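J.: Protein chains in written order, with the authors' numbering: chain Ah, 2 to 132; chain Aq, 4 to 17, 25 to 84; chain Al, 2 to 56, 58 to 136; chain Ae, 10 to 165; chain Ad, 2 to 200. Quick reminder that beta carbons are idealized off the backbone N, C-alpha and C, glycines included.
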RNA sequence: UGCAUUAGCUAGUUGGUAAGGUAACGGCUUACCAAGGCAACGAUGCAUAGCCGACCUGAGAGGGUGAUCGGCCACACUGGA
RNA sequence: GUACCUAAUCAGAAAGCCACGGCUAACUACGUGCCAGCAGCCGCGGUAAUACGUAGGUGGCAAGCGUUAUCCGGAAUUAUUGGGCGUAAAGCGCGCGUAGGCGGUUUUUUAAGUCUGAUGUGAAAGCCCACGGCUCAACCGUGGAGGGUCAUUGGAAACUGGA
RNA sequence: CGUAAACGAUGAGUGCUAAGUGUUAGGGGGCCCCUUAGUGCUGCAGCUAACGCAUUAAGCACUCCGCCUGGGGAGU
Ligand SMILES: [Mg+2]
Ligand SMILES: [Mg+2]
Ligand SMILES: [Mg+2]
Ligand SMILES: [Mg+2]
Ligand SMILES: [Mg+2]
Ligand SMILES: [Mg+2]
Ligand SMILES: [Mg+2]
Ligand SMILES: [Mg+2]
Ligand SMILES: [Mg+2]
Ligand SMILES: [Mg+2]
Ligand SMILES: [Mg+2]
Ligand SMILES: [Mg+2]
Ligand SMILES: [Mg+2]
Ligand SMILES: [Mg+2]
Ligand SMILES: [Mg+2]
Ligand SMILES: [Mg+2]
Ligand SMILES: [Mg+2]
Ligand SMILES: [Mg+2]
Ligand SMILES: [Mg+2]
Ligand SMILES: [Mg+2]
Ligand SMILES: [Mg+2]
Ligand SMILES: [Mg+2]
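#1: Counting only C-beta atoms, is residue 80/Ad closer than 8 Å to chain Ae at any point?
#2: Output needed in chain order: residues of the stretch 74–103 of chain Ae with a Cβ under 7 Å from some Cβ in chain Ad.
#3: Okay, do the stretch 180–188 of chain Ad and the stretch 76–90 of chain Ad touch, 3+ Cβ pairs below 8 Å being the bar?
#4: What's the call for residue 31/Ae, buried or exposed, on a 16-neighbour Cβ count within 10 Å?
#5: Quick check on the DSSP output: the alpha helix (DSSP H) that includes residue 78/Ah runs from which residue to which?
#6: For residue 94/Ae, tell me which candidate among 141/Ae, 45/Ae, 29/Ae, 38/Ae has the shortest Cα-Cα distance.
#7: One question on the structure: do residue 112/Ah and residue 36/Ah come within less than 8 Å of each other, judged by their Cβ atoms?
#8: Measuring from the CB of residue 3/Ad, is there a heavy atom of ligand 8 at a distance below 7 Å?
#9: Decide if residue 37/Aq is buried, meaning its Cβ has at least 16 other Cβ atoms within 10 Å, or exposed.
#10: Return the residue from the list 153/Ad, 96/Ad, 23/Ad, 143/Ad that minimises the CA-CA distance to residue 132/Ad.
#11: Let me know the secondary structure DSSP gives residue 87/Aq once reduced to three states.
#12: So, with DSSP's three-state summary, where would you put residue 56/Ad?
#13: Could you tell me whether any Cβ in chain Ah is nearer than 8 Å to the Cβ of residue 41/Aq?
#14: Can you confirm whether residue 12/Aq, when its beta carbon is compared against all beta carbons of chain Ah, has any partner nearer than 8 Å?
#15: Under three-state DSSP, which class holds residue 69/Al?
#16: Measure from the C-beta of residue 37/Aq to each C-beta in chain Ah and report whether the shortest distance is under 8 Å.
#17: What are the boundary residues of the beta strand (DSSP E) that residue 37/Al is part of?
#18: Under 8 Å, CB to CB, which of the residues in the stretch 147–164 of chain Ae have a partner in chain Ah?
#19: Output needed in chain order: residues of the stretch 56–71 of chain Ae with a Cβ under 8 Å from some Cβ in chain Ad.
#20: Identify the continuous alpha helix (DSSP H) that holds residue 127/Ae and give its terminal residues.
#21: Would you call residue 78/Aq buried or exposed, if buried means 16 or more other Cβ atoms sit within 10 Å of its Cβ?
#22: List the endpoints of the continuous beta strand (DSSP E) containing residue 98/Ae.
#23: Name, please, each residue of chain Ae whose Cβ falls closer than 8 Å to the Cβ of residue 199/Ad.
#24: Residue 61/Ae by DSSP, collapsed to three states: which one?
#25: Rounding to the nearest angstrom, what Cα-Cα distance links residue 20/Ad and residue 18/Ae in this structure?
#26: If you draw a straight line from the C-alpha of residue 57/Ae to the C-alpha of residue 118/Ae, how long is it?
#27: If contacts are defined as beta-carbon pairs under 8 Å, then residue 25/Al and residue 39/Al qualify, I think. What distance do you get, rounded to the angstrom?
#28: Does the beta-carbon of residue 66/Ad, which I'm using as the reference point, lie nearer than 7 Å to any heavy atom of ligand 8?
#29: Count the CB pairs spanning the stretch 16–29 of chain Ah and the stretch 49–69 of chain Ah that are closer than 8 Å, and state whether there are at least three.
#30: What does the alpha-carbon distance come out to for the pair residue 106/Ae and residue 112/Ae?
#31: Could you tell me if the beta carbon of residue 48/Ad falls within a distance shorter than 7 Å of some heavy atom in ligand 3?
#32: Say whether chain Al places a C-beta atom closer than 8 Å to the C-beta of residue 49/Aq.
#33: Starting from the N-terminal side, write out each stretch of the beta strand (DSSP E) that is 3 residues or longer and does not extend beyond the stretch 30–78 of chain Aq.
#34: Tell me whether the beta-carbon of residue 114/Ah lies closer than 8 Å to the beta-carbon of residue 106/Ah.
#35: Could you name the residues of the same chain whose beta carbon sits closer than 7 Å to that of residue 135/Ad, not counting the 5 residues immediately before and after it, in chain order?
#36: Report all residues from its chain with a CB closer than 6 Å to the CB of residue 56/Ad; omit the five preceding and five following residues, and keep chain order.
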């Protein structure tokens, strides 16, 4: 059955991005909402809408493509996994693509990026790399 | 004064103190348990109760702990 | 495999094997047992010198049968043109198998113990136990 | 202009009713050492004629290699078929740490400082194609800042 | 010195004037030996990095063991490794004595140091590999200030480099500051030598 | 540290009481009472090994070694006091 | 009477080892004729051998140079970093199911994992950086840094775990 | 007894990713349109050493299990 809803979200984005879809819908959760907003804030996706329903909510994402239909998102990668959880300290926060990408980190001050985690001197669970 | 080590566990014979041993190479946490033969005084606790224990001087060939408090009844 | 499978059954590297097994064993005479020591050479006695034919190649390759100091029997190649060896000769044996000769895994050291140096050698003499002329 | 280097010369054969018919395959990398590199192949019974064909074909697929002060903007692994080449930015003092046909491609691109490892097939054509693949997927900060809609400072 | 063979043969093989003048590659700018006139093929990648190393090594007249040890010493300081290596070689008391002009050839500058004719900061230094620091003073011992080798070399006032200061009347030199890659020989592509020690 | 082509081990054994004993707690020893204790998280058996700081190698993750110097242990022809 | 220093005399006592077909820097001649031999691999030698032996020349090192043995590397060739399983080695013939591993959404709570400080400790020597003494260098000395899955203690609460 | 080329030579679970066209068992709406679950063929993206696979993946992902580490010796 479903074991990693976050990796399912990152893969839904990867598959939709591969075929250059305009948008995609997925069932919602709090961390998936916060992951999506960071992608919006960092400029990887266009917009996030939340659609309420009886079951668990729906997240609508809008993908971004530049001139000549070049993909803004190049890749997504799940780092921490149910089979093997990955944690890091602020002093060992990984840089993604030499700083040209981002790492999503779940810290005790919420879900933030790696550049901000070093700024706040907090570590936590490395959710995913986006570049 | 000084502090003696304290554990919490479940009686398996009338104490199991299951802990995690992170794998040296792969980083995955693996559950492991160790049985702590302890001194219950007036046979008060019973099987399945969750109990608190404290370290003491040797009391017998294998008993090094005293049952201080019962936490969750069987 | 999965991380859990690796935790249950960790990786195992292939065990390396030695090309000169007769050199890496000793013998304690008092306890009549075999040791493991990794010697670079071993002394031995020639049981049977002679010749053997190669496996495309064709020649009469000179060799000796040697009982080493650890009571192991080996076939050792005699390099160079001419040798002074015969039965009951005391030889020093080093590693290095000779291709085209099946069952010969060792070399006799020229110029050590009873083996003489190659006669008339003038180039690469230290490989054939020959003193410097003149 | 463009300098060229002969990576590999291979004599190939096709069998006919008689004996064997032989030709020569030349794999050549061309580059200007100023951020434009390209590879091509040519086949002929004569080695020099195969080289000229390979040189001419190389000029039709030149690639633009992003660089920062003589080094790549980030780590990348280029993969083509069984070939796979790991490329990492190195400090200016470091030279081109590369093994084979990778060195020809990176040098003619104008790298002079890189840490590269060939993890895969050592067949030169596929090693060369893997190297070009990795350089084809490098992105400079000014380009990715444009797509994300931020300025370069906000990327950090 | 250490290598006491023909420096003419070495300069012809390496394609670099060891004397710094060019009289060795004068009539026969081709490798020594029987197959000299017969022109050989190209040099491999290994054969190009190796020939660069021998160019430097035979210029400063050092054995390979000492040469590699200096390379490791130079690779620990901040900066570009290959350039730090060239700077360190130029700071040898072997090469400072020659660069100042106290000897005609680099081999003569070696025998002067080795035989104890040279002082550094007022005290005798017998070691040709001595690594002179900026600010140091190199002079000639009193019993040797009037020797024909030193006298004849000094009167041919050559281009004493700008990282050195010499006073011919005083027979005394000053190591002003560390050289720069432009003041050091340009016929050596030191990037090849760094690659040579990477494989 | 290997070996499951080693799966059962233990009967002072595991706990209790008392006495004795020790610098000292204690099955450390004995007497009586009870039937516990260990083990697939590998008991037990066999084989191998003194352990560590360090040392060699490696980009690192790792892999390999314990001569020399220092810490700890054990032993002194073999075994018992 | 050692180190060291001073004076006198003499280039006079003081260079060898391996390699040179490709990998791999460096080639010619003669002898030999699948012999004698060489060989880490590819392989070389059966009458015009740059691979055998010698000679001249050359290359690499040098008071050393080669060989053997052993360990790590190259080896992503046990792959956590960092591999695979249609046909190359590799999906149990197929169910049911125990332990274990893993597990959907939200709120409150906790604080074992996680994160972040404090304190103690991780001897000395060693490695690395800096400086000083040895004519230099080895080496020696001094001052730092590093090395814990360490412990104790104060905070945080997103994620994993507990309620 | 417990083995077969016991084969799709393709472990199970879950989700996501162009189309076209047959067929089996249903459902909804106006013979056609939509929709479930099977079973076939063709074919993008992607993957592959190639052959090919391609919503019944050999694509993109997460969880668990089984298995591999040159050939012969020897499934001895
Ligand atoms: Mg022993
Ligand atoms: Mg490695
Ligand atoms: Mg050559
Ligand atoms: Mg030979
Ligand atoms: Mg001939
Ligand atoms: Mg040869
Ligand atoms: Mg020869
Ligand atoms: Mg020496
Ligand atoms: Mg090895
Ligand atoms: Mg290896
Ligand atoms: Mg493989
Ligand atoms: Mg599989
Ligand atoms: Mg088959
Ligand atoms: Mg098969
Ligand atoms: Mg099956
Ligand atoms: Mg079967
Ligand atoms: Mg010293
Ligand atoms: Mg099968
Ligand atoms: Mg599947
Ligand atoms: Mg699927
Ligand atoms: Mg198809
Ligand atoms: Mg269907």
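T.: Based on what the coordinates show:
#1: yes
#2: 101, 102
#3: yes
#4: exposed
#5: Per DSSP, residue 78/Ah belongs to no alpha helix (DSSP H); it is in the beta strand (DSSP E), 77–79.
#6: 141/Ae
#7: yes
#8: no
#9: exposed
#10: 96/Ad
#11: Chain Aq is shown from 4 up to 84; residue 87/Aq falls before or after that span and cannot be answered.
#12: helix
#13: no
#14: no
#15: strand
#16: yes
#17: 34–37
#18: 148, 150, 153, 155, 156, 157, 158, 159, 164
#19: none
#20: Note, residue 127/Ae: premise wrong, no alpha helix (DSSP H); beta strand (DSSP E) at 123–127.
#21: exposed
#22: 92–98
#23: 104, 106
#24: helix
#25: 41 Å
#26: 24 Å
#27: 5 Å
#28: yes
#29: yes
#30: 8 Å
#31: yes
#32: no
#33: 39–42, 60–65
#34: yes
#35: 176, 177, 178, 179
#36: 15, 17, 189
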